[PDB]
2 protein chains.
Amino acid sequence: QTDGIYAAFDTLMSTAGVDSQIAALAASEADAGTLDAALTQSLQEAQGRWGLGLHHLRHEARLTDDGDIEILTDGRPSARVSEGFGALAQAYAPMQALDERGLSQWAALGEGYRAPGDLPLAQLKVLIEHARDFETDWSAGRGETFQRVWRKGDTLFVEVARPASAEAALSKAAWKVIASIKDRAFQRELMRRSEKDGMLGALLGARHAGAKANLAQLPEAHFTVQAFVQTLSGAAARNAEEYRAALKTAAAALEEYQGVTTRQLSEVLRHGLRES
Amino acid sequence: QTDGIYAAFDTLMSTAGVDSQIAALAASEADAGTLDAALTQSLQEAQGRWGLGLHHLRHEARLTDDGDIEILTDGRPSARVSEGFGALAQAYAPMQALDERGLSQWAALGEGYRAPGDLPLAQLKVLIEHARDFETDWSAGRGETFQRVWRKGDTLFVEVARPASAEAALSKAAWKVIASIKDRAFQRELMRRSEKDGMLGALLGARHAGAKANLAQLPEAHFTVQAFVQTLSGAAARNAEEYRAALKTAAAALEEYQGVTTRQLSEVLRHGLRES
């Protein structure tokens, strides 16, 4: 009932393109402090990619005596992996504050002044070079993306985000997955239930028993890639050239990981087609 | 440049499920008054099914000396078939007044009082049985449909409508049509351009030259089935039992013709797949 938990964590992490390899690390008999550090590292990466908007909280995950993995924010028990992925998404929901574009409204640094996102590159240079902590608001970035930047202590953070809901991603991963099926009326009656209802709807109505009870386990229904944070440290975190390069890097990686998680999703969705 | 015009009219009419057979009627050497009557009859039927909301206008179509077909409303030249189907949709646009649900705001009878759509069936019975002209506002009808009823002179009209845009219909007819293709990256990159843009978009970007110049000819991009008017005449038009049956009939036919036009669309869309 709490077994297959390392693998459950690994699958959650995969929806963010994080090959956390936690199961393998436990099979190698790694010490529990090691597993704890690895769980936390992966979760913080995933948090960099999920786009939920919670950089102002501390994200940890840790083993419990009863074989569970406990996820926490600012140290408060938020959820347990055994309670399922929908339960985790529900745990995060009240701590979010998304605007109309889906972008987070919270300041990464917390309460305080936020410089504009459109700032002239010379002004931003002065902030990078000579300020202590600082933070810009969202600005448009390229190809329907948005970007921002902030420095906490010794580390500069460059975030690039293109919000995209998880439901839609699932339905398009089911577009490819159905697309690979017999040209037949299962299709035409999914597609004619596309001019009437969402695609989990038409695919839970046109399928057989356990389509919903099976799919209610997928983490990809609650989590998907929407941003990418590239970090810099030390002298680089006060160098404007490094920041410009890091922005290029974060946009590139956004493209990459969106593609990669799409591929892994359609693959395992197609693994469910062979099983059927 | 104005040849293939009877067939152009026939194809327009097909988007509403009207097998007008105008081309065949001309090939039989029917007199031009006959062709004129048939063009008008078909167009008025199509107008009953397209859902544009223009029952308060008189719809005629007539042959011109130069081999064209002229479409008119209240006798004003509105458009010519040779100008294309997008031109006709543009001709109709300023005469519409759609609400948020897509349903027409114009009263079928024109300026005047409109009884509520939820009226108690006994009150509606008294209107059917003893009023002269009368008209109800839209009301919900069943399965996401809407319905209304009005009497002009000797004829009672029962309209049942489930608005559904033409763009969406085209994209779902292209879902089935692609669905029938090689499980390959043409798909995965249409479906990953589904989390970014409309489907005419992803299918005009992933295809080759003339996808847009060819598709810009389809009438189904501007017209689709959205309603069905069932009529009654004579004594039946003042009989409440006949009205209740006619409502059942109009909803059934709505289902039918939505299905049938979907089938004809995917068929000719799939005929374009074999041609490619």
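Please read every residue number as a count from 1 along the shown chain.
For this deposited structure, the header notes the method as X-ray crystallography, 1.8 Å.
Every residue gets a Cβ built from N, Cα and C, even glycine.
In the three-state DSSP reading, A:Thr64 (phosphothreonine) counts as coil. The phosphothreonine feature in Swiss-Prot is assigned to A:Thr64 (among others).
Of all Cβ atoms in the shown protein chains, 22 besides its own fall within 10 Å of the Cβ of A:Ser104 (phosphoserine). Taken from Swiss-Prot, the feature phosphoserine applies to A:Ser104.
Cβ neighbours within 10 Å of A:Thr136 (phosphothreonine), excluding its own Cβ and spanning all shown chains: 20. Taken from Swiss-Prot, the feature phosphothreonine applies to A:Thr136 (among others).
A:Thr136 (phosphothreonine) sits 13 Å from A:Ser104 (phosphoserine), taking the CA atoms of both as reference points. Around the Cβ of A:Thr64 (phosphothreonine), the same chain contributes A:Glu70, A:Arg80, each under 8 angstroms and 6 or more positions distant in sequence.
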